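Novice: Here it is, the structure in full.
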Amino acid sequence: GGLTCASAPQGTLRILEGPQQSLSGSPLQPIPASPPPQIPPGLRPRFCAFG
Amino acid sequence: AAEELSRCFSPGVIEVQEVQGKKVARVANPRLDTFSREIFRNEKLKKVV
């Protein structure tokens, strides 16, 4: 009436919960790159010679 | 090329007249010139002035 060893298991199942990968879009930056410093339009000379 | 010449100088110095259908640049007032030597960057008009 006691507990005895039974037949060895024939296989093992290991369960884990996993989600999946999306598409590669690689959206690097809101406003991207190093935007260049640049000329103010027209500007004009702010200096003249004497005479 | 008269206008490119007139831009390489303080603007009053080279007065571009219109003698004929073509445009001639003339040295109207040499005194206004500031020495900026910007003609010397032109490579084709550094030989003219």
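If you're wondering about the labels, chains in the structure tokens are A, B, ... by order shown, residues count from 1 in each chain, ligands from 1 in order shown.
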Give as an mmCIF file with N, CA and C atoms, in the first residue's frame every residue of chain A that touches chain B within 8 Å, counting only C-alpha atoms.

Specialist:
```
data_model
loop_
_atom_site.group_PDB
_atom_site.id
_atom_site.type_symbol
_atom_site.label_atom_id
_atom_site.label_comp_id
_atom_site.auth_asym_id
_atom_site.auth_seq_id
_atom_site.Cartn_x
_atom_site.Cartn_y
_atom_site.Cartn_z
ATOM 1 N N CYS A 48 31.203 100.737 -43.055
ATOM 2 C CA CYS A 48 31.678 101.430 -44.279
ATOM 3 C C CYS A 48 32.988 102.164 -44.001
ATOM 4 N N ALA A 49 33.743 102.465 -45.058
ATOM 5 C CA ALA A 49 35.007 103.222 -44.912
ATOM 6 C C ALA A 49 34.709 104.699 -44.679
ATOM 7 N N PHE A 50 35.737 105.451 -44.287
ATOM 8 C CA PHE A 50 35.549 106.909 -44.099
ATOM 9 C C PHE A 50 35.986 107.673 -45.354
ATOM 10 N N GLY A 51 35.129 108.579 -45.836
ATOM 11 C CA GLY A 51 35.438 109.385 -47.035
ATOM 12 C C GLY A 51 34.527 109.038 -48.196
#
```

Novice: Name the residues of chain B that fall into strand (DSSP E or B) according to DSSP on the backbone, using the chain letters and numbers of this document, as a short mmCIF file (atom, residue, chain, number, x, y, z; two decimals) with N, CA, C and O atoms, in the first residue's frame.

Specialist:
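Generated file (out35.cif):
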```cif
data_model
loop_
_atom_site.label_atom_id
_atom_site.label_comp_id
_atom_site.auth_asym_id
_atom_site.auth_seq_id
_atom_site.Cartn_x
_atom_site.Cartn_y
_atom_site.Cartn_z
N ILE B 14 32.99 100.48 -58.22
CA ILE B 14 32.98 100.18 -59.67
C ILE B 14 31.55 100.41 -60.12
O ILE B 14 30.67 99.65 -59.71
N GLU B 15 31.34 101.46 -60.89
CA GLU B 15 29.99 101.81 -61.38
C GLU B 15 29.90 101.23 -62.76
O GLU B 15 30.66 101.66 -63.62
N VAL B 16 28.99 100.29 -62.95
CA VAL B 16 28.79 99.62 -64.23
C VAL B 16 27.87 100.49 -65.08
O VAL B 16 26.64 100.36 -65.03
N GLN B 17 28.42 101.22 -66.04
CA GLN B 17 27.54 101.99 -66.96
C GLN B 17 27.01 101.08 -68.06
O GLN B 17 27.32 99.88 -68.03
N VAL B 24 29.55 98.11 -69.53
CA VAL B 24 30.98 98.41 -69.23
C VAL B 24 31.09 98.78 -67.76
O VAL B 24 30.22 99.49 -67.27
N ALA B 25 32.11 98.26 -67.08
CA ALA B 25 32.34 98.66 -65.68
C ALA B 25 33.35 99.78 -65.66
O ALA B 25 34.32 99.71 -66.40
N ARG B 26 33.09 100.78 -64.85
CA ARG B 26 33.99 101.97 -64.77
C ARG B 26 34.33 102.26 -63.31
O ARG B 26 33.53 101.89 -62.46
N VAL B 27 35.48 102.84 -63.00
CA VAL B 27 35.84 103.04 -61.57
C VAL B 27 35.28 104.39 -61.13
O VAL B 27 36.03 105.36 -61.17
#
```

Novice: If we count only C-alpha atoms and set the cut-off at 9 Å, which residues sit around range 36-43 of chain B, ignoring sequence neighbours fewer than 3 positions away in its own chain? Please answer as JSON, numbers by chain.

Specialist: {"B": [4, 5, 7, 8, 9, 10, 33, 46, 47, 49]}

Novice: How far is it from CA of residue 29 in chain B to CA of residue 11 in chain B, in Å with one decimal?

Specialist: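 Computed distance, CA of residue 29 in chain B to CA of residue 11 in chain B, equals 9.9 Å.
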
Novice: Name the residues of chain B that come out as alpha helix (DSSP H) in a backbone DSSP run; write them as a PyMOL selection string.

Specialist: chain B and resi 2-7

Novice: Kindly give the distance, in Å, that separates CA of residue 46 in chain A and CA of residue 13 in chain B, rounded to a single decimal.

Specialist: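 CA of residue 46 in chain A sits 17.1 Å away from CA of residue 13 in chain B.
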
Novice: Can you work out the spacing between CA of residue 41 in chain A and CA of residue 18 in chain B in Å, to one decimal?

Specialist: 29.3 Å
